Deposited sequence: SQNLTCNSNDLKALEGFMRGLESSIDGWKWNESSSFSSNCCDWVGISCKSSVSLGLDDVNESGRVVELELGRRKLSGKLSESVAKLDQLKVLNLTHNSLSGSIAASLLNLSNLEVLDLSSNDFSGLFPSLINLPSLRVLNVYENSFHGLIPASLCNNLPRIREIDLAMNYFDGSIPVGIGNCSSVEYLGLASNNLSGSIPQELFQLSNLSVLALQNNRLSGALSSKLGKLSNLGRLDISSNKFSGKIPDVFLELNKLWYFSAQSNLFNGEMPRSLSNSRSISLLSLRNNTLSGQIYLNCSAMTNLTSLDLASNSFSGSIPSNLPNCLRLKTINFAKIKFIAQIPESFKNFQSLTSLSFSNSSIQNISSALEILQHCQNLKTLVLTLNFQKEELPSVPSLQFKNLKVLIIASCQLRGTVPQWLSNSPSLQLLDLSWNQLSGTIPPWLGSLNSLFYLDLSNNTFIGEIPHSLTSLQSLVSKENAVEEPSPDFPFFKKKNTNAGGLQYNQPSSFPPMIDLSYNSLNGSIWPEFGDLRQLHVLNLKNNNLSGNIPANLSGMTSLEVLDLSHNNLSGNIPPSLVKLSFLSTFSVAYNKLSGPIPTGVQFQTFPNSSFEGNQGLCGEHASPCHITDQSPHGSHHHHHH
């Protein structure tokens, strides 16, 4: 049997909402989202008390009534993922039985209540709201049972409070995605039970202290996207549980500390977009947990470290925007762990050698070679085989050649981007036979001849990065096959700046998911087929600069297209 004073409180709460909660019978202890425990359980009159109110993802809207603080036996309040807004009553943080507070993913704003007394609280979740001002200075002075604090994705600003050290039982502390600035207070390095520290996406600056070594339970540390500067402290011997470290996008300099090069624990390491100098060095017999390594966009000199294939767990590698001026070492022939490689804009030479070597990597799914090998010849040798390859991107390399047959040795290929090279010849009809291939970018080469009918037959675009065939800026001729209509999964078809001829097929609307359709700058005749009005998702369209004539379809999407996307045609009206 439900309690009197608790029902009054639940009423005020309902009074504050904008819509009624389904499932709320007049006995509230049987209501959905509520849990009761007897007065004598919690220890002459005995009633049900409301210990747990769980409303998550209920599509609720309104303020959060001050009266909710009148349930004193409340243990867990979970409001997550709703539309609630307004401020938080000071009293809502004075509850002495409260264990779990989850307000995350709502519209709450205002200052966050500065006095928090929740002597029983395990969990505090305000993640992703509109709160602003300071993180409460005394926040940790009253939370002796505390485990996780998540303030992330808010407007908190100023420095991280010096009082942060009084939080010594805490394990998870997310401060990420706020307006926080300044140096990290030393007190922070006194929380010794802390296994996750997320400071990412703030204005924080200054040094990263040696004192970081004091947090010896740290498994995951994200300081990325800040103003942090100077050298990365050589502390990694002591942080022996740490598997995830991202310092990406800061002002760090100097070279990587030897202990980081020696970490037994580190798994995902991301240093990208700092300015770090010297030669990349990893002791690959030490770092046996290393899986992802991102050094991209940094000041390194020297060569590509050839000892790297000795890393037995190392799967993905991003070396982009590091200027080596080097070939790929032959030792890469031995890399069995490697699944993903990006050398993009790294000054790599000898694509002939690069591909001879990289093909012996059995497990490589994805290879990004963009902005290297300037004006070199794309290898034509049929015997190169990348069996497990899924993504191949080699773009803006000014590569000379035809589309090579050795690609056919990549049967499982999903994504192929050859755009912005000097490639020529006809588009090979065998491209149509790649069954997994949903993204093809051949644009801005010199290709000639006709679009192969087999493209019309590609398995992945028929039935079950946006799916795209982009042939634009070539010398292509012939007409647009009406069987393009069989591609029901195609989002983008970009044919612009070719010389294509005849009529827009009309069967073109079987393409149910077509979003972008660009035919501009060709030589096309006839009318825009009225059936094209059937493409429900087509946001952007151009036939501009052709020989087309007739009425423009009445449409609605058609009604949206700018004047610009019909211009250049004889008869359009």
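According to the record, no C-alpha positions are given for deposited positions 1 to 4, 29 to 36, 56 to 58, 480 to 510, 620 to 642, numbered from 1.
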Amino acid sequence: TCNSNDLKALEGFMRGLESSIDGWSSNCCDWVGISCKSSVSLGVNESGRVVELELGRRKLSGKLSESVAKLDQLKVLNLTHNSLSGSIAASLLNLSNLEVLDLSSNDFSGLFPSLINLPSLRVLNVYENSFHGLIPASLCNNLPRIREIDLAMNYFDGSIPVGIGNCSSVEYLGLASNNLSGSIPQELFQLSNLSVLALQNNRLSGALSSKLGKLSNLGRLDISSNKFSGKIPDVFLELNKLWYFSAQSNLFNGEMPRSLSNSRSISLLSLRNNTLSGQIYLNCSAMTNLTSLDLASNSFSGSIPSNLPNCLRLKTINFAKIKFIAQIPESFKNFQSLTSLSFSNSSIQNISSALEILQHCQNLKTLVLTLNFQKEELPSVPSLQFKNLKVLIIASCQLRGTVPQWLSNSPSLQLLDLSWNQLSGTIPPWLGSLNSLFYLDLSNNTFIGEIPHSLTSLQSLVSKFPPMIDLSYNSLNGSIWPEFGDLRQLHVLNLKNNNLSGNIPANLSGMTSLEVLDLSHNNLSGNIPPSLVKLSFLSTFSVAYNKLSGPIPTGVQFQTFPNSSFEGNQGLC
From here on, numbers count along this sequence of modelled residues.
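As recorded in the PDB entry, 8 to 16 is the stretch of 8 to 16 and 560 to 568 with the greater mean C-alpha temperature factor.
Relative to its counterpart among 206 to 214 and 83 to 91, 83 to 91 has the higher mean temperature factor, C-alpha atoms as listed in the PDB entry. Taking the PDB entry at face value, the top CA B factor among 476, 71, 290, 153 belongs to 71. The maximum CA B-factor among the listed residues 167, 134, 471, 413, taken from the PDB record, is found at 167. Residue 222: CA B factor in the lowest third of modelled residues in this chain (values from the PDB entry). When all modelled residues of the chain are sorted by CA temperature factor, residue 400 is found within the middle third.
In the PDB entry, residue 482 places in the highest third of its chain by CA B-factor. Ranked by Cα temperature factor within the chain, residue 542 sits in the middle third according to the deposited record. In the PDB entry, a CA B factor belonging to the lowest third of its chain's modelled residues is recorded for residue 513.
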